[PDB]
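Provided below as structure tokens are two forms of one protein chain, presented individually as structure 1 and structure 2.
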Structure 1
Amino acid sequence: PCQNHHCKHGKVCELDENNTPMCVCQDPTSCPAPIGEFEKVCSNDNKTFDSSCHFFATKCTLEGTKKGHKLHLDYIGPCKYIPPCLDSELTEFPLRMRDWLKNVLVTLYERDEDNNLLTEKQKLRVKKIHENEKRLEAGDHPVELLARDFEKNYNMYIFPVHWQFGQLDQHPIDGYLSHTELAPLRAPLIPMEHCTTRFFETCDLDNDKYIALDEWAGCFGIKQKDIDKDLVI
């Protein structure tokens, strides 16, 4: 009778006295063992957990706690040595990753089949981007080029910038990216990913430790006037 009951990350459904479904913290050892280093995860305390399940099981007991509020999945994989974000790389990061977005969204559209990846309206949006003679092709471009393109193709970035935020705001969906939600942006694929944290600390204007839509958008150069919640969902 808990089959339909989907408890959030870190918890599981156990029936209480009245045989009613209840969400309690999952036993970290009830999580499946990791297949390889790739299933492991690293917290922001530099402690490699066996898997995000294990991590979220552990972290579950800290709900409400000041310690818990701070406990976060830094990145997927085993805790690795992370190179300090050079002052240089940091200023060049926004441009580097903003382009990365447009290209990811493009390749998603190209890989999409019967909307398995992009919804209807989303595909339409990425379509206008995709088939535009002006669209700068993907490749390792000098920050200068990436910059001139941003001005010369600003409208081409408004959706990609908005999309990524939606893709991340899911733990839970509330319009804010926690340190954990930004974890995907710390994977090796991201350009100068070691700068992700440093950078996003730059975006966290009111320093609440959460990147909100306006901070995120504004951090990527998207005019506050061009921010649109409809583009996120």
Structure 2
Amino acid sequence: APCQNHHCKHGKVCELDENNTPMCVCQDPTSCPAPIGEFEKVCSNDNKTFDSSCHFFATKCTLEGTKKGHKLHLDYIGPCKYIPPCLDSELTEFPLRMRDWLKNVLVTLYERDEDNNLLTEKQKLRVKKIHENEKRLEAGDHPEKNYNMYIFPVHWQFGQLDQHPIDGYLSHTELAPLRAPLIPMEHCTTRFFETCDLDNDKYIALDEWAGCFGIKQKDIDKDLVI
């Protein structure tokens, strides 16, 4: 009961202490379901394929406070596989291909006001504009170059990723979604983002993220990540 409304970080669970006070202990891997399929497995950064995020996160939890735990991160969903190397040319296109991908992902994702449900008004307006522009690209005699149409998609993506935990930085684990097969040149994600980790704290901060995609510091709005 004391735990029914008590929530714990990823890889943890609430258990009552001696005083009956709820407390978050690392989850029991045995209390993790068996995957329905191989696709539900995940790959850590040291090329070790855990059986599910539950298994991974619970494992990483015991290692909390440890060096090994500090460096342990989810690389990508699905079992481990051969990942080709990111050639230097690939790494140069990555930000370019990525930001267009993000814009497009945003256009088909948020198409109607029903899609724009969890978006603030400021954001709703940004996608409206994105849509106004896209329609124009589908009919203007001579297409124009529009970097502005990248600002929101780029901010959006950051907020989407900044979840575990929502702190304003993206960890190797949080970038896992960007290592999926759908992403263009996903194999360049780690190399690229490392390139973005300016102060080298192993976290990509909003300015680091934005900067890496070519968003002017003037156009870095945190509201767009709300």
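All residue numbers here refer to structure 1's sequence, counted from 1. The term rigid core refers to the maximal set of C-alpha atoms that superpose within 1.5 Å between the two forms.
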Listing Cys79, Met156, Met97, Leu118 as candidates, which single one shows a C-alpha movement of 2 Å or greater between structures 1 and 2 when the core is held fixed? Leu118
Examine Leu136 after superposing the rigid core and state whether its CA is displaced by 2 Å or more between structures 1 and 2. yes
Angstrom shift of the Cα atom of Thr197 between structures 1 and 2 (superposition on rigid core): 0.5
